[PDB]
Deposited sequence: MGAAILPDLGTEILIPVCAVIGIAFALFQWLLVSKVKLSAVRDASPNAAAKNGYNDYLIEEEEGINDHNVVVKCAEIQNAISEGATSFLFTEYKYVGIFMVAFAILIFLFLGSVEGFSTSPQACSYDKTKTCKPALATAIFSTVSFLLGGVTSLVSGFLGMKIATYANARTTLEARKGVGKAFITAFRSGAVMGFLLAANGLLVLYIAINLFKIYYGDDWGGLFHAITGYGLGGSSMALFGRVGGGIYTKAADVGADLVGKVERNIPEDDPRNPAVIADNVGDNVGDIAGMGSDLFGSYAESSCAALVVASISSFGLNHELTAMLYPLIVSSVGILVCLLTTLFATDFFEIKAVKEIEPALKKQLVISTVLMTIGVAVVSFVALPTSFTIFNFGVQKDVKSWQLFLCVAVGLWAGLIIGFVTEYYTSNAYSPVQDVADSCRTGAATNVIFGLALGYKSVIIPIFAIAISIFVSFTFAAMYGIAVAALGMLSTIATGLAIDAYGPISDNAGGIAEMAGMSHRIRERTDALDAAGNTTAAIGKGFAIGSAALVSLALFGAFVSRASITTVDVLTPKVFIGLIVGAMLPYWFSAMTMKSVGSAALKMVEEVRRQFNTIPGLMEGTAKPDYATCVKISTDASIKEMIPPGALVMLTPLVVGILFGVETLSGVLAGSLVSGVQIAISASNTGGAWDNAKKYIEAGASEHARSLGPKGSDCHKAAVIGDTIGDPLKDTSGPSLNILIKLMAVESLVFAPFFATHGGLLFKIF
């Protein structure tokens, strides 16, 4: 029948939790504000503050530029959405039989065409705010982390983690709240037509991820162009420290961290959150929950997320208060414990939520038939995703942390030069896919078996139920990155850089981990969305052994490579420019190498601004146009193949790129830190071994920061896009087969 938790209870619980998540984030921002500094040893607090201003000014500046374009694109694309969805019923205004129940009347397809546009814009905008907010907190916390490092690793860790949590909590609560608001607003018009309500609502994730795609690639190109240029000429050529203020590309590099690893990453994960929620909602909308108009159960995913916010708050308190770091070897397990604790607490949280928000029996729509599902089967659906996530974290840590043998061997291979470094690095990344894929496959199998597409979507959301914490441990990294950047630029003592280098190395692992969650959840949500698309397209069977499906499958499997070709080439080209620029300034500015002359930072900022803004367009277009072109020309069966193929194929390359990139970075950190006999025998900085690592790191740069992480967006974006345009491809698509 109904659940223990009455509807009005749900309607209160959700926004209350969002409000708690927001209040908690503000509180943390407030605590961080205790670290004082101003640009008006005293000299060192003044240099930190000016550098921080430079970075802040650059990051805010680029985003406004980027968002202007993306914002325009968004508005264009929303028009396409209205037009195409609107034409499905020739823009009629009349009601129609509910496609999920012929006996009832549903709102016109036109309404949905309109509201899908509204949720799209909503998601687009929210995705922009997610990246902008993360950027504001990161550019605020970076120099404060630097100053706090004067007292030790532990203190700096706290200010970087707290701030990472500012972003995590803000993003989760705001994404939750907006969606919650959107649903309640849409419902006023839809009333009893919940299928229409929730089918319109899915624009929200389409919005989120479209904007994310450009945010990730734009930011991604911007940052790696600087990073490669700065590192190659500075470290490999001119034998100076990494973020040396003599290096004209350092400002661009550090801004790059906020603009890619933060803003782009933030948008990326918002889209993950939005899509997973949306995919669970559409399926439930025509399951027993939606048909019987049972609000609490319908909003199950949002209740899961609300509780995630609370669990993550708790988990946060452990790292922030109940515990203290005194030694560097403690940083990574601190971070790892955030995942362990949250996963355990959330397992209990989901149990409770599954107990009180689900009737013990219900039906889940399953390709035209109401499948009987029990609430303990559902618990296992979200729990299996949540646990697959954790497994993925552990495996990814094992492959990217310099505490373990894979990366150490990679560093060790530097002893025979760059070529062996790269071979080992590539080999490592390839190897690293094995277990996450099994974890994903297991997740699919359990969740698919128990509750079809709905179960799979709820597994995705389970993997993202602790998104607040996931984001915190991840956002922690770029802030720690800037901290050391600012330390070197501020001429602070070697003790500070060693501390930031410890934080930053842990950040590399944490980043690989976040990528892992992004890929894992993306594979889940995409499968669910694929299934939903299939019903909506009135496809009876996706048969791999039909010519239309199979050509789609193989072409779909190529797109991730097409996409990587473009993004790699962009970074490669922009970095080539950057290096020529950096060399020139060392070669022609008297006193630069000497330390008496100040370099031109703006020119480097300009090179990575010009390249990113321009070169984000073709890959964005590839992804976004593909479902349209394929659906219109070849049709829904073929598009089917493309969805499956880009899923199973993209996922392998996404994982191996992000991990290979991470492994190289930390293999270099291992050499730079020389905190063991092995490490030292590879040093010191400047050695042939070290420069070999730098070469690896630098090749890994676009792998793990531009193409790699955007691949998960490629996959999940094409999937909501397809679901949103499904009736339009069903009705007006497959032209090439119609004319012939």
Numbering from 1, run down the deposited sequence and write out every stretch that has no C-alpha in the structure. 1, 42-66
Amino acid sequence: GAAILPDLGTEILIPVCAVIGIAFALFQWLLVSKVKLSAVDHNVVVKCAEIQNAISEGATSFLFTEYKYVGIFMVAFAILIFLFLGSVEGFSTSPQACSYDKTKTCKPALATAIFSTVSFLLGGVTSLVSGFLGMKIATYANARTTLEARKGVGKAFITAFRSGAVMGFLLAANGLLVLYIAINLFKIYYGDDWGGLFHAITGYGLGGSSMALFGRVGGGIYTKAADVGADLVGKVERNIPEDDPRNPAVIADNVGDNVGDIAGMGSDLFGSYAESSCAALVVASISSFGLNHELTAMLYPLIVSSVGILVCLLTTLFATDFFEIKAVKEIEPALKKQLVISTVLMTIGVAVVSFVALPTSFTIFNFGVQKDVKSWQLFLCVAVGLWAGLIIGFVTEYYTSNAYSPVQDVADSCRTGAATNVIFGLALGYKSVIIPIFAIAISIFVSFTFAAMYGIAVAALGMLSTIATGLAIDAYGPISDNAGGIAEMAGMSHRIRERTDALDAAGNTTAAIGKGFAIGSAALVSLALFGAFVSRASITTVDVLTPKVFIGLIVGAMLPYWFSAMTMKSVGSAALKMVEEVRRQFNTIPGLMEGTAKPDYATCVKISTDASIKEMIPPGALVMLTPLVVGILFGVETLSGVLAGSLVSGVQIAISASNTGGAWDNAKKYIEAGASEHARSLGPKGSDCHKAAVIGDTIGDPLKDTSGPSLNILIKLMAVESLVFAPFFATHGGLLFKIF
From here on, numbers count along this sequence of modelled residues.
Quick check: 479-487 versus 146-154, which has the larger average CA B-factor in the record? 146-154
646-654 set against 601-609, stretch whose average Cα temperature factor tops the other in the entry: 601-609
Between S681, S687, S710, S38, which carries the biggest CA temperature factor in the record? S38
Of the choices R495, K515, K569, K224, which one's C-alpha carries the largest B-factor in the record? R495
Which third, lowest, middle or highest, does the C-alpha temperature factor of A54 belong to within its own chain? middle
Quick check for you: using the entry's CA B-factors within this chain, is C48 in the lowest, middle or highest third? highest
State the tercile, meaning the lowest, middle or highest third, of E66 with respect to the CA B-factors recorded for its chain. highest
Going by the CA temperature factor in the PDB record, which third of the chain does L714 belong to: lowest, middle or highest? lowest
Quick tally, chain-level thirds of C-alpha B-factors: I617 sits in the middle
